[PDB]
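This is what each chain is made of:
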Amino acid sequence: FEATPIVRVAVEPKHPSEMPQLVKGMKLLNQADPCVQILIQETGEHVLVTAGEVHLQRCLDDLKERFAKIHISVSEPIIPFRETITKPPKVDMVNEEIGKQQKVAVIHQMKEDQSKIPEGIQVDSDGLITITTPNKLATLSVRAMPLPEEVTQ
Amino acid sequence: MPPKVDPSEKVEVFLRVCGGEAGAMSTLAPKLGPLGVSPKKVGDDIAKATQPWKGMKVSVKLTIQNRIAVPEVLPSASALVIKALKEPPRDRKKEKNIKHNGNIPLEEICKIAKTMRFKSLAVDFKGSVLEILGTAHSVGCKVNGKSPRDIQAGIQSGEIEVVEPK
Amino acid sequence: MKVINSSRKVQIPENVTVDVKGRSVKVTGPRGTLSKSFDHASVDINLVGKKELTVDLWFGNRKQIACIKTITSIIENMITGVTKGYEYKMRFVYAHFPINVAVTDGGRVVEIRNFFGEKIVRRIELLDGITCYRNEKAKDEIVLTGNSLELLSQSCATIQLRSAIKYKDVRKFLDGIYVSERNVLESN
Amino acid sequence: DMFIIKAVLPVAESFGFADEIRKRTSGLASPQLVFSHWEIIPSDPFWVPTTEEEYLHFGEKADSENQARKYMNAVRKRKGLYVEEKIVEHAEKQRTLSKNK
Amino acid sequence: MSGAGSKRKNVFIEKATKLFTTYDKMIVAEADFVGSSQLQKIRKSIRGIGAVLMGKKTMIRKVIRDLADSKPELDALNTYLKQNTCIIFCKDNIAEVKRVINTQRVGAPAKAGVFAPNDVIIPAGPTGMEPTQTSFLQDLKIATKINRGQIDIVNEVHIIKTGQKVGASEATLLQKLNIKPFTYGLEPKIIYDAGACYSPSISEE
Amino acid sequence: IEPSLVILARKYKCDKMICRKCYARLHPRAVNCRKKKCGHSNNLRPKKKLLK
Amino acid sequence: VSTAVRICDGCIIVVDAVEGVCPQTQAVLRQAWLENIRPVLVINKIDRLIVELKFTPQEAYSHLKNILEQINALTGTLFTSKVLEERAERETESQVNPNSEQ
RNA sequence: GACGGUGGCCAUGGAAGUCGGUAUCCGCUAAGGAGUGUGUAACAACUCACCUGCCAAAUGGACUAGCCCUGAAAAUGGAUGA
């Protein structure tokens with residue numbers, strides 16, 4: 001069992017000479033306390049994982065006591081969330097869209113919110129979605145629309 | 001309205017709005033915790049019964065108890081009667097959404113409901129209602145001569161009739 | 001610039017004998033007698049018959065005027081008090097660490113024993129003339145009766161001052177003895 | 001005997017939140033944690049606030065340092081794949097490619 | 001501050017010139033000590049007969065509105081105004097004006113320092129249970145508050161009755177009770193036709 | 001009983017206001033320091049409770 | 001907790017009679033209904049209600065009903081919940097009439 | 001005394017003047033902001049604006065400007081010359 005949000009944390013060596021010990025220790029923990037990403041990585045050298053936000057903290061207590069006499073320093077800029085694209089432009093190859101020449105963002109405009117203004121707001125400031133790369137040997141366009149919630153689930 | 005069946009085994013009157021069709025909320029102890037004397041709702045779909053097409057939003061309900069019985073009664077409120085005549089799009093799926101939309105005539109329907117709001121104020125139920133309702137709302141203009149909560153119309157500064165029934 | 005001061009008259013009830021030897025009062029009523037000293041500000045102070053004392057001074061300032069008002073007020077209270085004894089009741093506040101209040105009836109001395117952990121003996125001798133007594137109201141309260149309002153109140157205040165915690169927070173404890181029922185009189 | 005609220009609570013902003021209230025008050029605060037699905041809120045986390053003139057027009061602050069960027073500040077690096085981001089592209093130079101895109 | 005109540009006047013000038021005294025019967029009524037919440041519901045036949053009118057700054061200016069009629073300025077060598085008193089103009093008959101306000105009447109809750117007569121029943125409903133409440137009810141005759149399937153600390157029928165009226169002794173026992181529906185109607189200051197004056201009355205005489 | 005007493009205590013503890021100069025407590029409806037060290041500020045703030 | 005529950009062949013539900021049914025226990029048990037176990041009900045901390053805090057045994061009965069109701073809910077997530085109701089309605093199978101118990 | 005519509009519409013499905021967004025009207029009255037806080041799960045309860053009962057002749061305010069005070073602390077013991 002891992003978490004549903006996939007709660008991670010940056011486990012680091014306190015001392016550089018203790019790195020090997022730390023590495024060893026995770027493995028040891030794995031048998032006693034279930035599930036950590038010491039090998040087979042999606043993010044980093046090694047990260048501790050748990051079934052939830054409250055349990056993540058608890059397991060970091062365990063990775064100080066016993067095992068290979070390991071000691072850690074931690075870096076938690078809170079648990080990571082995710083993004084969604086619910087508005088493309090009307091610029092280049094996109095058939096299905098909700099872009100116009102006044103509503104640029106979901107709330108207000110991108111100009112009123114701020115940042116991300118390469119082109120004008122009267123053709124949406126989200127443009128330049130088609131590109132070319134090896135002198136027309138791999139030309140492509142892309143379309144990112146909202147996936148139904150049920151489907152996602 | 002007055003209560004449909006009078007509270008027996010001592011009087012019992014409780015007050016939570018129970019807005020919209022959805023939800024399984026019922027009022028026995030809103031000032032204390034969950035239980036009053038004993039568990040007795042009665043029925044989870046009372047809200048729906050009270051408010052089918054009268055509102056999805058801030059919909060008041062006079063909850064009472066007849067010793068393990070509730071007959072569904074509402075106050076004939078100034079909000080509930082005007083929103084009853086409004087179209088189903090603005091009475092459905094507006095539970096987490098604002099509504100300041102509704103300028104159609106609601107002149108006939110509030111006259112009968114004026115006795116149910118109050119039974120003694122020494123005013124006309126079809127004359128004084130055009131002042132008290134119509135120009136006291138942003139979801140109910142009645143005729144378009146009136147103005148929504150303003151000093152432009154409703155007090156005969158643009159209107160010609162004001163105490164007379166239309 | 002310099003303005004004349006109106007006389008302030010006070011009716012005296014027939015229970016009492018206000019005498020005034022050289023601008024200095026003595027008011028003998030049922031409860032006993034209270035003297036007091038005046039002619040601080042050079043004021044005049046007369047008796048008309050024996051149901052009307054009046055204070056005045058026919059030139060001066062705001063300052064003088066205020067003084068005139070004061071003196072009269074003071075005497076009125078005395079008159080009230082020496083005929084009908086004054087009562088200042090002080091209720092005390094602790095039952096988390098319970099409180100022990102005691103009273104020496106002979107010498108007229110309250111002795112507050114244990115509050116806010118203390119093991120000390122805090123004995124406060126009451127001022128001249130006044131008294132106290134223990135009263136069962138709700139397992140609470142010391143009632144301090146007396147005829148000099150000024151003195152009794154002062155005594156009470158002293159006690160209040162003495163029964164508080166002079167180091168660390170003023171709201172960790174709200175505890176001590178404080179005044180509760182005041183401006184109270186009796187005719188029983 | 002219980003009274004119930006079904007109020008939403010972000011997973012990140014609880015980091016030993018349910019553990020504190022439970023011990024502080026057991027019985028009068030018993031939080032049962034149950035997932036549902038990820039609620040979407042109107043906010044755009046992005047690195048570096050570009051151009052303050054735009055902001056001066058004012059329609060909230062987004063695509064900048066924000067309340068939303070707390071969650072997306074530096075979660076990239078759990079030691080990470082790279083130091084920050086290493087990538088190469090051949091989409092640059094529009095004239096050599098000869099494109100209108 | 002400086003004004004009238006606590007603001008300067010611009011609508012109390014109109015209370016004298018509010019109406020002409022066309023109506024032949026007036027009465028001074030003491031309906032102010034009873035609350036405004038209950039005062040607006042009883043008055044339906046009370047307004048339409050001349051209405052509840054006139055200010056109490058203009059109650060002394062009322063004298064210029066008696067010279068127009070046959071009425072003397074004072075009622076019976078005295079205007080009878082040392083209280084929150086308002087004039088109620090009436091068109092009802094010489095006998096009907098004696099009971100014009102009492103035909104639809106209701107009292108206010110009893111205050112601190114007064115008992116007041118309690119003729120109507122006290123409300124009921126679930127209010128838990130308290131053992132210390134029974135110790136305070138020992139002063140009163142009935143020491144029983146739990147009735148029927150419900151549970152509560154006050155009865156559904158009035159234990160406080162007329163005959164137990166006092167200055168300030170049993171008034172402290174009403175502060176122990178959690179609700180105060182003390183009905184004693186409204187109070188006539190005097191009754192008056194259009195020349196002759198009478199005492200306060202509830203009957204036709 | 002207790003709560004009433006508490007209120008009384010507060011009235012002779014919390015309620016009084018202070019001057020932003022001494023921090024000396026005058027009374028709960030005051031307009032001045034009535035002390036000559038302050039310079040009679042008349043610029044008082046209320047005393048902060050345990051709620052705040 | 002989840003891991004623990006499916007290792008062990010049996011089970012036992014410790015619920016509080018002065019703190020209500022434990023939510024944590026409930027949450028994990030619902031996962032444990034998909035695994036074969038023998039959970040025996042034991043209602044705990046009536047020692048708190050009856051003796052320590054010292055409330056009368058009339059109140060105890062009242063308290064217990066609520067607890068039972070809670071347990072019923074728990075039962076009804078993935079197992080059946082009608083026998084319980086029946087029991088509540090009339091205790092045990094035999095002795096159906098109260099007059100006959102005399 | 002400090003109301004009726006009224007729990008104003010919203011958010012809520014509790015926020016019922018007072019976590020809080022926007023409109024902020026009319027009745028009736030002697031008077032009463034779709035409300036000044038205290039308080040409360042939000043209410044309830046209390047108070048404020050607002051009015052009136054009594055007492056009974058002055059009241060209120062924003063400034064200017066004399067003197068005084070605060071601002072205004074330092075090195076042997078000390079200076080309107082005493």
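Above this text is the structure in question.
Parameters and conventions
- Residues numbered from 1 in each chain as written, not as in the entry; some residues may be left out.
- Chains lettered and ligands numbered in written order.
- Part of a larger assembly, values for the part shown.
- Heavy atoms only, no water.
- Near = heavy atom within 4 Å.
- Polar contact = N/O pair within 3.5 Å; in protein donor to acceptor, adjacent residues only side chain to side chain.
- Helix = DSSP H or I, 4+ residues; strand = E, 2+ residues; numbered from the N terminus.
- Nonpolar A, V, L, I, M, F, W, Y, C, P; charged D, E, K, R; others polar.
- Contact = heavy atoms within 4.5 Å.
- Buried area = accessible area lost by both parts, 1.4 Å probe.
- Salt bridge = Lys/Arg side-chain N within 4 Å of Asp/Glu carboxyl O.

Novice: Please clarify how the protein's contact with RNA strand H should be interpreted in this entry.
Specialist: The environment of RNA strand H is formed by 70 residues, the closest being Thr135(B), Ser36(E), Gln40(E), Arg47(E) and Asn84(E). Within 4 Å of the protein, atoms of RNA strand H come from sugar and phosphate in 68% of cases. Within the side chain of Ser37(E), one N or O atom sits 3.4 Å away from a sugar or linking oxygen of RNA strand H. Elements supplying a minimum of two residues to the surface near RNA strand H: α4 (107–117) and α5 (129–132) of chain B together with α1 (36–42) and β2 (52–53) of chain E. Residue classes in the surface near RNA strand H are distributed as 29 nonpolar, 16 polar and 25 charged.

Novice: Looking at this structure, I do not really get the interface of chain A and chain D. What am I missing?
Specialist: A common way to state how big an interface is: give the accessible area lost once the parts meet. Across the boundary between the two partners, chain A contributes 51 residues, which contact 50 residues of chain D. Buried area between chain A and chain D, summed over both chains or domains, comes out near 4400 Å², and the portion from carbon and sulfur atoms is 57%. Contact with chain D buries area across many residues of chain A, yet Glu53(A), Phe81(A) and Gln114(A) alone supply 16% of it, more than any other trio. The tally of links from chain A across to chain D stands at 18 residue pairs in polar contact. Counting only elements with at least two residues in the side of chain A that touches chain D, the list comes to β1 (10–13), α2 (53–62) and α3 (110–113) of chain A. If one sorts the elements of the side of chain A that touches chain D by residue count, α2(A) sits on top with five residues. Its residues assigned to classes, the side of chain A that touches chain D comprises 20 nonpolar, 15 polar and 16 charged.

Novice: Quick question: what am I supposed to make of the interface of chain G and chain D here?
Specialist: Taken together, the contact pairs 10 residues of chain G with seven residues of chain D. Interface area, chain G with chain D, both sides summed: about 660 Å², of which 46% is carbon and sulfur. Linking chain G to chain D there are zero salt bridges. Counting residues per element, the ones that place at least two in the side of chain G that touches chain D are α2 (23–32) and α4 (57–75) of chain G. Among the residues forming the side of chain G that touches chain D, the class breakdown is two nonpolar, six polar and two charged.

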